[PDB]
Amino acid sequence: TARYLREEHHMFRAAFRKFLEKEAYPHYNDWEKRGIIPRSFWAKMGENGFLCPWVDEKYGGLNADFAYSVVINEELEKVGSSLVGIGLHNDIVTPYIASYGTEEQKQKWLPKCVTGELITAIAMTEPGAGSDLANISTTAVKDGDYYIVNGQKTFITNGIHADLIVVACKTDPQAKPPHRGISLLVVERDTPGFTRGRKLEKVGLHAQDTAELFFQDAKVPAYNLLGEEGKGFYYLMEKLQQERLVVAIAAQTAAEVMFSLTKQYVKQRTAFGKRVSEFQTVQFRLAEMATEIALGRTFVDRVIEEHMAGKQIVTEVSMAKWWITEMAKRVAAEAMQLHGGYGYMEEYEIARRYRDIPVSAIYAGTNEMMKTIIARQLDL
């Protein structure tokens, strides 16, 4: 057992699962077909208190601790990875508004983030730069009471639905070092000069509305600056600890789900007068998967505890992110293979789980970037 969950979280998990059993599980395949999860689902999430529950009661939130977010994100992954946009809204983007927003900004935005009237996104990555974030070239040039924004952002989660987009841009492209010229600017829906691409066709996460964003002389009120000019990089580096933790949590859950699928399948499939689960190689493969899952679960649970205690754990979250995502990828490969021909059929859930997992090694920072961060912390 992990110490961050108490009885209240256990009853919450059951209540949230009951909601999903009606609203998510039976609808998920249709959402994938359409390429997007309907706004009405977010509205239902908001009215039931499952959006931004950590937000203060004065904005309509529940003052919930981070364990509630762990439960939400785990239960949503149990449905499917296309639901990652909720965890992104809850635990990645809206915390920027709460941490760095003025009272006026928080009052204006947070209540609607809780209800789901405003859906959020964060836009860092550009065609020319992802891992090398200091090299982004989207510019925001001050002109009167406005920032004139020019640039392109790519692979944006919630790219179609998002009404509020936290945009990383260069307010001073000539700054030394380059990262000191970066600022965070909130871009609202229907901003003149702000357009969106058609939803991106991807290997998986088919129900996630990933899209490119285009800023052609985007006229953004100066009021929409989040925090201080030229400190944008610092806000990002700070919040990426929670971001990477969220990815680690979702990948751990995905592995657990895929293991359960495989175990159940091989226990019911017969070959050569035996259940497939009776062959020693199958037993050992499952034992090895179970072991690695136990390791990842124990580690991520410890990192959650450290995080909740307010401790700085850059190294450990980077470890959790790369290792658990690779582990879940290995689980997926084993799972497909152990299903035989059926693991390659879209009628079987494992096919979708398999297509969904490998991107976890790429986003929130590639696993190569995680190893880079670890090596830096090792002092070499």
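For every residue, the number given is its place in the sequence shown, counted from 1.
Averaged over their C-alpha atoms, the temperature factors of 292-300 and 217-225 are higher for 217-225.
Mean CA temperature factor is higher for 227-235 when stretches 227-235 and 125-133 are set side by side in the entry. Ranking 140, 88, 211, 257 by the C-alpha B-factor listed in the PDB entry places 140 at the top. Looking only at 279, 265, 109, 96, the residue with the top Cα B factor in the deposited structure is 109. The deposited CA B-factor of residue 59 belongs to the highest third of values across its chain.
Residue-level temperature factors show residue 10 in the highest third of its chain, judged at the C-alpha atom.
Among all modelled residues in its chain, residue 373 ranks in the lowest third by Cα B-factor. Among the modelled residues of the chain, residue 243 sits in the middle third by CA temperature factor in this PDB entry. Annotation for residue 74: C-alpha temperature factor in the lowest third relative to the rest of the modelled chain, per the entry.
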